[PDB]
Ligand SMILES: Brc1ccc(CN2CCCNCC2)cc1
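A single chain comes next, written as structure tokens; it is the form solved without this ligand.
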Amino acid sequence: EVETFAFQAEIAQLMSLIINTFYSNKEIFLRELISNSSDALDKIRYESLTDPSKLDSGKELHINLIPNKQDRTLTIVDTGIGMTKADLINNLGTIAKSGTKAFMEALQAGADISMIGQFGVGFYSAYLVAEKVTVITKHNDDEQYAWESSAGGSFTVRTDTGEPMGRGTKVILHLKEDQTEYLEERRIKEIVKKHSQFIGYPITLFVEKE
């Protein structure tokens, strides 16, 4: 069964802004998603310090980037703490209602969209480049779920039947037709080196068969 939910009004407004504003520096989406993955890896590492069985679901802590030119998707995979169903419904573990309010006030007081991550809602920068986003996630305390939204006011949550993950989060970006530069190896390397050089977990960029 699929459950369909309405976004809180502030999040729907944030997403409409991101989608319709003219803003050329779109590459920041990848820095923000990597930063979210890094934070999730830090959390499971911290919990494992006093309970090593938390890593029974996978001891490797890393971030993978998987482009797929056939599907026009870019997938960011981490082995971090993951999300329970309640985390997914509550704006993917963020304080997005309050963070959106602070961000929009900041945009009036001389901030630009690249500061989105300072307000805790960096995930939504994915919609600079994606028409649809799928999040697959597995937390130690819950089942594997899939979240999906094409914006437009609603999101869905279902139990995921795909390949098991062990623990972590996969963010699947269904890219807009004019944003395929983010599938190119050389463009992804440029972004990671510019914005994410000092992330403290290994980032592997997968290659494609062609």
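Here the rigid core means the biggest group of C-alpha atoms that line up within 1.5 Å when the two forms are laid on top of each other. So that there is no doubt, residue numbering starts at 1 and follows the sequence shown.
Comparing 72-80 with 98-106 in 6 other deposited structures of this protein, after superposition on the rigid core, the stretch with the greater RMS C-alpha deviation is 98-106. Once the rigid core is used to overlay the structures in 6 other deposited structures of this protein, the stretch among 182-190 and 195-203 whose CA atoms lie farther from this form is 195-203.
The question of which stretch, 142-150 or 155-163, has the higher mean Cα B factor is settled in favour of 155-163. Between 47-55 and 60-68, it is 47-55 that carries the larger average Cα temperature factor according to the deposited entry. Across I95, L74, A111, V129, the entry's maximum B-factor at the CA atom is seen for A111. Of the candidates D42, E32, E177, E27, it is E177 whose Cα B-factor is highest according to the PDB record. Per the PDB record, residue ranking by Cα B-factor puts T100 in the middle third of the chain. Among all modelled residues in this chain, the alpha-carbon of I116 has a temperature factor (C-alpha) in the middle third. Per the PDB record, residue ranking by Cα B-factor puts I136 in the lowest third of the chain. Sort the modelled residues of the chain by CA B factor and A106 lands in the highest third. Sort the chain's modelled residues by C-alpha temperature factor and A9 lands in the highest third, per the entry.
Beyond what is shown, the protein has a form solved in complex with this ligand; the following relates to that form.
None of the heavy atoms of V207 is located within 4.5 Å of this ligand in the bound PDB entry.
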